[PDB]
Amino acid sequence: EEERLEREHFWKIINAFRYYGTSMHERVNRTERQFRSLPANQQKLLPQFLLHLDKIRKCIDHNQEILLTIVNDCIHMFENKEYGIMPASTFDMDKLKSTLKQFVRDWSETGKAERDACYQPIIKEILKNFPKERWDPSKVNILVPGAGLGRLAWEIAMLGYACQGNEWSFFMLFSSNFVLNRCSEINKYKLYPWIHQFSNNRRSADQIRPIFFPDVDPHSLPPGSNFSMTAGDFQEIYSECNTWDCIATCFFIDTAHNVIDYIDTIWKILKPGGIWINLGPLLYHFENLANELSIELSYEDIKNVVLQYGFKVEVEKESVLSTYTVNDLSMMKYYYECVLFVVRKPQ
């Protein structure tokens, strides 16, 4: 039951990767169809339009190649031997499009500013509580749930902490497995994360511009590094109590069906005296989804729940600005005024 539904989920994501080209091409063919239905005099006002559509198509083909490399990597895994054709949902295609942007955030020089706003404060808090002068960082155990493409877990590991990223989503697992285990040359790969955006373009070239990755070799972890990634629901995988020195969550807790469940887990699996570092907003992932449990709390209520569990609050900064896979050439942008806090389980 567990293993079969995992198996179903698995090939569904695979199929979604395989379907990216068909989806996007149909979108561009809608556009070409409509453009050609215009009065011809209007089409001659834009004598480069059809050419630009052809450049998008090449971009789609290139993105599809990256996605097929990821699919090829995960099918032939040493530990994916346990798992063994339909059109993907529009929901999967959106997750796909989100995945490609995630490569900018986590593994491109283009996403350094965003990492500076979201990751530096977490890393800064870790160094504050486990200073190199008093702690062998190899003996400090740090769990990073919802690690995504894994850049933050990786950065912690670069300092020598015994860091383990966990992730539930096969979009994220397929991709991080590829970037972390196969990209051993800086900026060897390239993708087009903005071709999906047709609104709010200053220049048409803006939509077809590339980003390169990885800006950094993942295998430049120094010897003595202790870095790993796990696949599964972190509530089910990390059930052993009193284990972790530090749990670090970035844009994570608003992905729960019930964030109270998350807080209950973090309390049980922290070592007495350990800390929970959090940075992020409260965009509840299940808010709209029919037939899904979604408990949407204000930050005020989250703090009250944290306080009642017994945590003691060491750092609290509200209005920490950051973006999330922003396109800095776009005429429309979203930003977050995140909360950062460091709470501590009493010893």
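Throughout, we count residues from 1 along the sequence that is shown.
Going from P131 to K132, the model skips none of the deposited residues; the chain is continuous there. As the entry records it, the average C-alpha temperature factor is higher for 69-77, out of 69-77 and 118-126. Judged by mean Cα B factor in the deposited record, 221-229 ranks above the other of 137-145 and 221-229. The PDB entry assigns its highest CA temperature factor, among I277, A205, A153, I253, to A205. In this structure the maximum Cα B-factor among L283, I60, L53, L289 is found at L289. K188: CA B factor lies in the highest third for its chain, per the PDB record. Annotation for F212: C-alpha temperature factor in the middle third relative to the rest of the modelled chain, per the entry. Looking at the C-alpha B-factors along this chain, the one for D92 belongs to the highest third. In the PDB entry, a CA B factor belonging to the lowest third of its chain's modelled residues is recorded for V315.
Per the deposited record, the Cα B-factor of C338 falls in the middle third when ranked against the other modelled residues of its chain.
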